[PDB]
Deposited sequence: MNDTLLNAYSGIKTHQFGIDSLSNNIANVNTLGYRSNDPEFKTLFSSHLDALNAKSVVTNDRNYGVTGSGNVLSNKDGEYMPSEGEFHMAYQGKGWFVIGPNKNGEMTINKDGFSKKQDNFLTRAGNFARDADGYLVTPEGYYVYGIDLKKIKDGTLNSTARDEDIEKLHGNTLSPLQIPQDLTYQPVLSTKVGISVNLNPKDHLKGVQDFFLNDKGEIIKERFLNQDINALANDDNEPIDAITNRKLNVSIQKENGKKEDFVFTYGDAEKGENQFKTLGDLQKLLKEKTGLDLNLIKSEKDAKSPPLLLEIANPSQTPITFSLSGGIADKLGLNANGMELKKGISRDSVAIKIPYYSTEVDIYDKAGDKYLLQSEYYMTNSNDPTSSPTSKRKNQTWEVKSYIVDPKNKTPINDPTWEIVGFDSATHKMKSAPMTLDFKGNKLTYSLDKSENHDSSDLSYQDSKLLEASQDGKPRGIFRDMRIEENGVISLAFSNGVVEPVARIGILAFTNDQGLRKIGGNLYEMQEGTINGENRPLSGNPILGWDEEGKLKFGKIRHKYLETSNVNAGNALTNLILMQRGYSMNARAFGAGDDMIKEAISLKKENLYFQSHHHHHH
């Protein structure tokens, strides 16, 4: 027979509901016996209801015994981890269940964030001014010097692709030179960074390789490279190769005096950005943002001795208030690397200040995925794991066929809070009847000792609980 009530249920199979007269009572069931406080009764009547304080009770006022997870404090649920829930859910100590009606979900402050992100070097680009300029629009000299020229793209978004076009032919008037992209410590006239190329170009020719603004009164304009003659006595120079073609720095017998300069097209840098919802003690949402700039590419011809073998990105992280789209924070910079074989990220967790609270932020994995620089996948946020939770209102309640009782809330959180006690016996005839409602154990323990209704997995062994049905 179906039923309407929130805690009406029916048990199929062998076994008994467990009840008792004392709220704050408990019963422990062991393989040999068992211990107790006051009396306990057994019943197959499942027409349970809540008294004024949200305790499950029979019509005679006896409390329903089960596994109280003890997550409900003060009409509010207090979150726990599903792993430890499941192991307490096969425990052996039963007590009265208390699930009040007006139940809110207390929010949790985010103190721990781990993201899994894949960073693909050929997805998104930004003008390099985003990384090479500081907040005041001034050039960060050392970022320019240490940027791998293969970790770049031109104004039409073509990767410079130093890896497959390594040769740069430069001439002065005549006189020829060959520079080659690769490990700066290997071979002859090899370069990898903009600094390495600047130094090589300065020694062999007279010319300066400079970073300049395309519009020098602009705060943050597109930036260019510039081949300049510092002396006022002129110099005629040629230049070619794939890297030159890509940058628009091709020359033949072009003359550079002090005023005259050969300038590239505007320069871009591989880019990405991620964002995680985080919550303060009140449950208000803030936005943990990260922007990624690629600084070094993994050249396949590099050996384990190469100092810049690993692909790296520099990550700028901060927290923004979504309500005024403004950081609460100064940015925290962290340098991130990738294993050249396995494509797993290599990085160290960082400490952000979240409105006076310390939040540990890890860029390199979440609960179920690791961060990577996989070429076949787009740049992508895989998973954000985090302990913070938003405010929620009670939504609905589920009671599985195993008696496990979970509560759903408005924030989309579903956590178990209890399970219905079930006990079996090898001889139910050995129990004493005290009316049609209840049975009880007795001596001569006659029905045998009570058998905990569920196995070590937490699966009921002899039956199933049916929510919103009743018996006979």
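- Missing C-alpha coordinates mark the following deposited-sequence intervals, in order: 1 to 80, 254 to 258, 530 to 536, 565 to 618.
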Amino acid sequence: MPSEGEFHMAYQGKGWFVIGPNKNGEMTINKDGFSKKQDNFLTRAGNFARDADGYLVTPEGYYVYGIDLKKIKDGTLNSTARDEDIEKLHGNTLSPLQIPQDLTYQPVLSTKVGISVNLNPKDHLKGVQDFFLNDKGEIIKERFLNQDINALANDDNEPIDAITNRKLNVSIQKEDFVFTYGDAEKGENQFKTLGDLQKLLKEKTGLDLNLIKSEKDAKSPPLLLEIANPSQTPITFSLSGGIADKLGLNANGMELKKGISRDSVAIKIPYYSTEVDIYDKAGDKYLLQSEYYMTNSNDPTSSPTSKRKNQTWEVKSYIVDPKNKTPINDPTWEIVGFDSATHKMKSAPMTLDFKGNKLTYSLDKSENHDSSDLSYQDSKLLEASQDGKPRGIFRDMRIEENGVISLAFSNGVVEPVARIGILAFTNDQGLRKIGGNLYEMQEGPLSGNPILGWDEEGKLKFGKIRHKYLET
From here on, numbers count along this sequence of modelled residues.
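- Checked against the record, the higher mean CA B factor of 140 to 148 and 289 to 297 lies with 140 to 148.
- In this entry, the higher average B-factor at the C-alpha atoms falls on 212 to 220, of the pair 277 to 285 and 212 to 220.
- The maximum CA B-factor among the listed residues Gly421, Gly46, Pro416, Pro59, taken from the PDB record, is found at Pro59.
- The PDB entry gives the largest Cα B-factor of the residues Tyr318, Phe131, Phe237, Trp333 to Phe237.
- When the modelled residues of the chain are ordered by their C-alpha B factor, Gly259 lands in the highest third.
- In the PDB entry, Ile328 places in the middle third of its chain by CA B-factor.
- In this PDB entry, the Cα temperature factor of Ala341 sits in the middle third of its chain's modelled residues.
- Among the modelled residues of its chain, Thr312 has a C-alpha B-factor that falls in the lowest third according to the deposited record.
- In the PDB entry, a CA B factor belonging to the lowest third of its chain's modelled residues is recorded for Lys380.
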